[PDB]
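Data block below; observations after.
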Protein chains: 4
Amino acid sequence: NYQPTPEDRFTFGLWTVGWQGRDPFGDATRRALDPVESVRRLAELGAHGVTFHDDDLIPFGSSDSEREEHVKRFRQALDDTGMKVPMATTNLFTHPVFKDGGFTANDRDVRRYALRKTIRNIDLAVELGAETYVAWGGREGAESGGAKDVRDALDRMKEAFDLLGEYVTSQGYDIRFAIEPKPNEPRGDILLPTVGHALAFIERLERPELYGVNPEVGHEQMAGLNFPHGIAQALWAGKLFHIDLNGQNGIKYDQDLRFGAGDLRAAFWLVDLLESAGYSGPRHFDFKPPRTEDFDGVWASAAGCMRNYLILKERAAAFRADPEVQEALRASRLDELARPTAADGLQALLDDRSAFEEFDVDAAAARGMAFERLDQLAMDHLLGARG
Amino acid sequence: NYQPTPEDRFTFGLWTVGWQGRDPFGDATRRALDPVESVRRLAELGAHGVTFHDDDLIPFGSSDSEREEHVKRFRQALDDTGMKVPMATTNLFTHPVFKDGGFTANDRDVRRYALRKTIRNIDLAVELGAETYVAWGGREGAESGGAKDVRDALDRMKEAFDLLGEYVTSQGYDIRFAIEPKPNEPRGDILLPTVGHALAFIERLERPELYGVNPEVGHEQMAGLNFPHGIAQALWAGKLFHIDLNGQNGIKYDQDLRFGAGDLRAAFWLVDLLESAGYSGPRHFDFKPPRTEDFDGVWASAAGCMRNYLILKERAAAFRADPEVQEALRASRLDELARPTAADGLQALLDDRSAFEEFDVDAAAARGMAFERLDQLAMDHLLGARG
Amino acid sequence: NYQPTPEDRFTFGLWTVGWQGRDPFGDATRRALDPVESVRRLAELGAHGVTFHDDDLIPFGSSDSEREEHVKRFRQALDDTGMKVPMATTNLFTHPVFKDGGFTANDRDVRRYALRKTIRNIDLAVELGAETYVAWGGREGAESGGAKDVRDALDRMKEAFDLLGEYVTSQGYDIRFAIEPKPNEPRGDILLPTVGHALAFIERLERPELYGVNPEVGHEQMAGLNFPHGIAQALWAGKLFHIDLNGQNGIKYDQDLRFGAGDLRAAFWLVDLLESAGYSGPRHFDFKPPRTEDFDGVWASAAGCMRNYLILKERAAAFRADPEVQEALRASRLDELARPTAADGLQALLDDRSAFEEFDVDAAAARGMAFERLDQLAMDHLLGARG
Amino acid sequence: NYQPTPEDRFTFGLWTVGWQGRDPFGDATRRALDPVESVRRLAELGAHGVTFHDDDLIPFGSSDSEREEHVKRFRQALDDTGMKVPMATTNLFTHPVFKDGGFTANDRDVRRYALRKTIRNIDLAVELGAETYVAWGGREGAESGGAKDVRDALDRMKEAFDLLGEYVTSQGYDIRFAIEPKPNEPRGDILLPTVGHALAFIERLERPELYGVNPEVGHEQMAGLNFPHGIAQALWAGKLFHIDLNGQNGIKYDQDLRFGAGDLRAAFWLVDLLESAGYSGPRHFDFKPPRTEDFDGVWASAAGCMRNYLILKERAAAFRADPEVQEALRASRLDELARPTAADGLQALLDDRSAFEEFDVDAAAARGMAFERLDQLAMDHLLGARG
Ligand SMILES: OC[C@H]1O[C@H](O)[C@H](O)[C@@H](O)[C@@H]1O
Ligand SMILES: OC[C@H]1O[C@H](O)[C@H](O)[C@@H](O)[C@@H]1O
Ligand SMILES: OC[C@H]1O[C@H](O)[C@H](O)[C@@H](O)[C@@H]1O
Ligand SMILES: OC[C@H]1O[C@H](O)[C@H](O)[C@@H](O)[C@@H]1O
Ligand SMILES: OC[C@H]1O[C@](O)(CO)[C@@H](O)[C@@H]1O
Ligand SMILES: OC[C@H]1O[C@](O)(CO)[C@@H](O)[C@@H]1O
Ligand SMILES: OC[C@H]1O[C@](O)(CO)[C@@H](O)[C@@H]1O
Ligand SMILES: OC[C@H]1O[C@](O)(CO)[C@@H](O)[C@@H]1O
Ligand SMILES: [Mn+2]
Ligand SMILES: [Mn+2]
Ligand SMILES: [Mn+2]
Ligand SMILES: [Mn+2]
Ligand SMILES: [Mn+2]
Ligand SMILES: [Mn+2]
Ligand SMILES: [Mn+2]
Ligand SMILES: [Mn+2]
């Protein structure tokens, strides 16, 4: 059971399985993977596709012809396997020139360079068939309060994304942008640190319809936030364009554990939500096989990502289909939450004495919500302990 | 030095100095304060004004005539002292009926009751001259994932605020709404948990211009977020309608320490920002004198709030006026952050070979940002150690 | 399946199911429970026993004869049901007199009073057959740095516990003490904030053998610590005298969720450890049924505590009995971790050239730990997805 | 003012100022520093000394004669400048062989290698005159629960430290060990994660007198703990052998900011404590100049460490010498905290009716602690705002 196939739409970044294990306190524990080899290994495990930063696919500073050759070999592997490229992104974080940011570097020349590097990869992404272009502003931020005027920085951020929107519109490209929040690391505080901040920012862009969010499980958890709540807000706004799936154990460094590790209950409620809402985008994993692992462990970790999603999907589906759960949901008045509070309108509400003057506050207060019983039914379903 | 006067616009909630010291593990340590007495004591310390929830001023369940009498006595104290009431709010959290929320309770009758309780206090607030009406959804949330469908809850939240907006518009009242985020406590996760989430939500209301945010120092810090960054985003959006000032030591329960306690450097950078941006609203303190304190300690704690703001204001002003700091800010290219990245437009950027083909990436990378020197000048100014 | 019986040794505090739902922002949602009624309800659910603070059983300020009568009625219920009282504790936190602590209050008279209140309840506990007496220093701490000289406070803490040890020794009582850490709440920082700090402190008492720890799942998680690691250290030291079981979602206020809620994987690894190590003490639940719940929800929440332990016990047992897991544990060299590094002694180690001069560092480095495969087998067992 | 001299005993690790700026998301921004150059630059800024890991001074895998030459050149720089080497440590974290630990690696051969690498550097440290040898178990831990049996791991940890203690005793070396805790990073959870856990562990070693702690400001703050409280416990136990000074903004990745940055009030209370208790060891800075900085910024950041200590020292000293503060400390009964609760003994306490039967609980409860006034005097002193 729980065998993935390409129709489950599981995708992986090249940088995930290709992570060599260099951390801030130690050297690489694994050799570099050829992108072609990752493509084939992932196809064999049942993945749908891969994603890339520019610099994962084409070594930084490659000539135009080295570049052609890298793309050609990759494209051949995609053709041989049937793997897709639904998303791409830019590396605006590794090279030293990006030490104070890309789009919001204090140096204007760096900001211009960041835009040009990005635009060149948008052309490549469209050529490979990507529908979503992710921006992760990992260096946009500060360690000290005087270093970054945040209002000016947001003006620069909006300028950058507006220009990118003008570019795609002018070229007639069919690609949308997704902003990936993260609250900190590697900068002390990162700009647009949560899904909320990103959603609010998007509404001030010149063409807000071209921009959504790419939330990551572990990033929101680094701020102690409820990830399924955040995703529900993004879905409610119509802005869940892509998602990064992984695990995280609490408020600490960005662990990027395989999906299902970390906060397992939150993973269950995330799956429940994605599947109930009909999210139809890629189930993308942004994870790092731990540096303890050899190559066999790398592939085992990747497989476990997919396995854990398909297990949780089954459990959530059983939960929602259970008539005893359906009855519980009514006992807890989930049905009533979905009805309008005042479809009769404001004047009717104001004239309704059962809403205030004659509302029996004590009787309403005495009614239990029956949430603990509901939650235990959810636990029993997750654990497969329904007698 | 550092004596406040009413022109500094310092305000306090009645619930702040009036907090009796009941916590989840212990009984009250102080007797209840009469609102009239708080008004006079605060006027003597140099405050500008007070704020209230409905239930702080009028005991829950008062008759129409007890209500009149409470308001009359309060109004007399305001007239005797010259104190203003710039803000008011509703208690939709204390009474048991609000155990699952007000605006987003699963029970529809409770939601209607929450709206009616709110509207009655909006009329009172306008009569007392409040310009801002705060909403803190402290019970809107969940302890378990199945208890609250978050999409439906946001539909209900938007319904409630839309109706309030219709009400104020229809009455011709000159009052705006400010949403006060908090990430958790007393619910396991609270809806709209940060300034970002609140800002994004506001953009989906029918009349977004009537709604802003009332961010609180300690609340954003409960998610480990940078408070001055959050306020800069709110100012950038034009939505900083009011602010709650206090202190918080990290990610834990909501401490509500006096302003300046907690993260002192963040307090300095907040003051710097508010004063540089010309925020002209109330400097409102939402703090709890610790339960260790008697009445003399209560007034000492309140006075310290004001004192610490005026000290930090002086230090920030000295920082920004220091020519050596002005030179540092140029050395760190803050000037350049404020200039447009590409006022020449997209086509010019694309044709500019100095932005990419001929950009010397190594030379740009080698340039230091000089941020540590700048930050030490900021430290020296804060500490009054400029030789 | 998963029906508890008294032989599973599940115990509950009277304050758990008896929590009325008063939180720092709201009033009680449930009426007070008679201790006799809790005893009978818990006996019917299959619990083994109950625990109490002095003030849960005997209202503060009771006369000697009211006291007798309270104890008599409780004792009758214990006799009627077969319920035991394995643990007792003192309330040194609720009454205002304890606002700055009990054992470490700055006022010496309060400290003496705290000792006398404690000793009176130790006599009661011994009469009811308790084997463990818990001390939770919830008020021992500070909100500000100058308020508490911590060295003097630790001298006072050690003085208090030494005196209690002298008391029990002098009376010939067969009772041991267990210190329950918590890092913060209701004080800004609490003394002995983690299991580590408590263990270290115990070693400086005059009779360290009489003192152990009473760690609580949610408390260690409030500091972002791994609870099963902490318990392993306490077991290694021979100091796990009692345990508090509950759930907690990350670094925030003390939630006291039912056991199994919160961090579900950590619950699995805790059960695995307790059962593998042969912990033979009570499985005590210190939880709060959420205030959303009526009485039916209270009992459902309590039942779920027990259910979730018995499910996890079964899953952990299946994990460790699985031959494929046993083989995995060898592949990951858990066997080798259990062997002495240098049973040959220091000189032999120093003369062993295969340990250094001729150690092939590259070959050792290339070996994968196979941890991800092991962890996925653990996941599959937890979820009941072993094909 | 605030010019350091070698008598202030400020020390720096070679790895601090020598950090090249490689982080988990980016390449180095600065070239490698020769240790000789760091020694001379630091001597010019007024430092007392430097500290080293084996691998900072002697490139891993050096021959015996390269090794001699590295040590000779370093020793010459020490002789030229008058700089001391008070502390040394081992790198048991960088090389891939240490991916699962040094002392607690599951592979027994790695554990033996870790011991031999350590012993070789203890000989070097003694030759250079170090009095303290630090052990930071950065790789001792796990990402998953099944990977590390923690009891066995602690047996292995104790074995390793016992053997080191036997080694130094047998050689007659005058050097003590200090364990440096950290709660996580680069492992998901690290063993002995706080000062408490380390202190408790030390008490189970064969010769506990040879072992103390090397607490780091930012590490304890990564668990949300109060650093001055932790240090007070270490001083109370007589185990503060060395300290790492730096700054950290809350619960996140290990920032290693310059001292005084981060939580500035905690820095003030730490300085107050160190100076009041007469700590006479090195004031060692374990900080990372941010990667935004060039070499000029590196030296500015290092200088700021020292400056900020000397400013805080002056402010704390002024605080404690202020007669108005001395009077406040009596008003808050700090004097009484320092007196024994029951120097009269247990029987006298039991017979003292003023301790219980006739204690007026209400009168004691009504007395305010006056802590807020005290804390504001502390604030005013820190800020230099005493009129
Ligand atoms: O944006 C693409 C990716 O870039 C980097 O690898 C980030 O660490 C990751 O979280 C993000 O998803
Ligand atoms: O909204 C008004 C106030 O209501 C409550 O007292 C909250 O605890 C507080 O943070 C908020 O500012
Ligand atoms: O010590 C007994 C109990 O006292 C209080 O109720 C605490 O909140 C709880 O954690 C502790 O277990
Ligand atoms: O133990 C010596 C040092 O080793 C490493 O550099 C650690 O990151 C640091 O915290 C520690 O102080
Ligand atoms: O470019 C205008 C900008 O200039 C600043 O005052 C920089 O000093 C900003 O805070 C504002 O967005
Ligand atoms: O009222 C329509 C709503 O109904 C739900 O499906 C409730 O099941 C929501 O998730 C959506 O906002
Ligand atoms: O009672 C002796 C004690 O006195 C203090 O100096 C109080 O000033 C302590 O820090 C020490 O433990
Ligand atoms: O070496 C004895 C050790 O063996 C284990 O059971 C390993 O299975 C430990 O938990 C204990 O410390
Ligand atoms: Mn991540
Ligand atoms: Mn990601
Ligand atoms: Mn607050
Ligand atoms: Mn507030
Ligand atoms: Mn608890
Ligand atoms: Mn407990
Ligand atoms: Mn560190
Ligand atoms: Mn350190």
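Going from the start of the chain as shown, residues are counted 1 onward.
Per deposition record, X-ray crystallography, 2.0 Å.
Every residue, even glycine, has its Cβ placed from backbone N, Cα and C.
Straight from Swiss-Prot, the features:
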ACT_SITE  D:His53  active site
ACT_SITE  D:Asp56  active site
BINDING   D:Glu180, D:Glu216, D:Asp244, D:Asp286  Mg(2+) 1 binding site
BINDING   D:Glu216, D:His219, D:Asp254, D:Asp256  Mg(2+) 2 binding site
Subset of D:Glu180, D:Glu216, D:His219, D:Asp254, D:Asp256, D:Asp286 (binding-site residues) with C-beta under 8 Å from chain B: none
Which listed residue (D:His53, D:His219) has most other Cβ within 10 Å, given these are recorded positions: D:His219
Candidates D:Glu180, D:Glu216, D:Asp286 (binding-site residues) - the one closest to D:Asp256 (Mg(2+) 2 binding site) by CA: D:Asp286
Pairwise CA distance, D:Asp286 (Mg(2+) 1 binding site) versus D:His53 (active site), rounded so that it is a whole Å: 12
Around the Cβ of D:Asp244 (Mg(2+) 1 binding site), the count of other Cβ atoms that are within 10 Å: 26
Env. residues of Mg(2+) 1 site, Cβ within 8 Å of mean position of D:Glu180, D:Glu216, D:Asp244, D:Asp286 Cβ: D:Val134, D:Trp136, D:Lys182, D:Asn214, D:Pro215, D:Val217, D:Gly218, D:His219, D:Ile243, D:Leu245, D:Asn246, D:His284
Neighbour count (Cβ, 10 Å) for D:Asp56 (active site): 19
D:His219 (Mg(2+) 2 binding site) versus D:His53 (active site) - Cα distance in angstrom: 19
Neighbourhood of D:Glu180 (Mg(2+) 1 binding site), C-beta criterion under 8 angstroms, separation at least six: D:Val134, D:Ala135, D:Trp136, D:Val213, D:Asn214, D:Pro215, D:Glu216, D:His219, D:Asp244
C-alpha spacing of D:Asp56 (active site) relative to D:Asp254 (Mg(2+) 2 binding site), in angstrom: 20
Any further residue of that chain within 8 Å (Cβ to the Cβ centroid of D:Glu216, D:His219, D:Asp254, D:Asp256) of the recorded Mg(2+) 2 site: D:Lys182, D:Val217, D:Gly218, D:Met222, D:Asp244, D:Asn246, D:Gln248, D:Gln255, D:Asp286
Local backbone state of D:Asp56 (active site), from DSSP in three classes: helix
In sequence order, those recorded positions of D:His53, D:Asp56, D:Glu216, D:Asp254, D:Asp256 whose CB lies under 6 Å from ligand 15: D:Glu216, D:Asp254, D:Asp256
Surrounding CB atoms that lie within 10 Å of the CB of D:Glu216 (Mg(2+) 1 binding site), all protein chains: 24
Other C-beta atoms that fall within 10 angstroms of the C-beta of D:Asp286 (Mg(2+) 1 binding site): 25
D:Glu216 (Mg(2+) 1 binding site) in three-state DSSP notation: strand
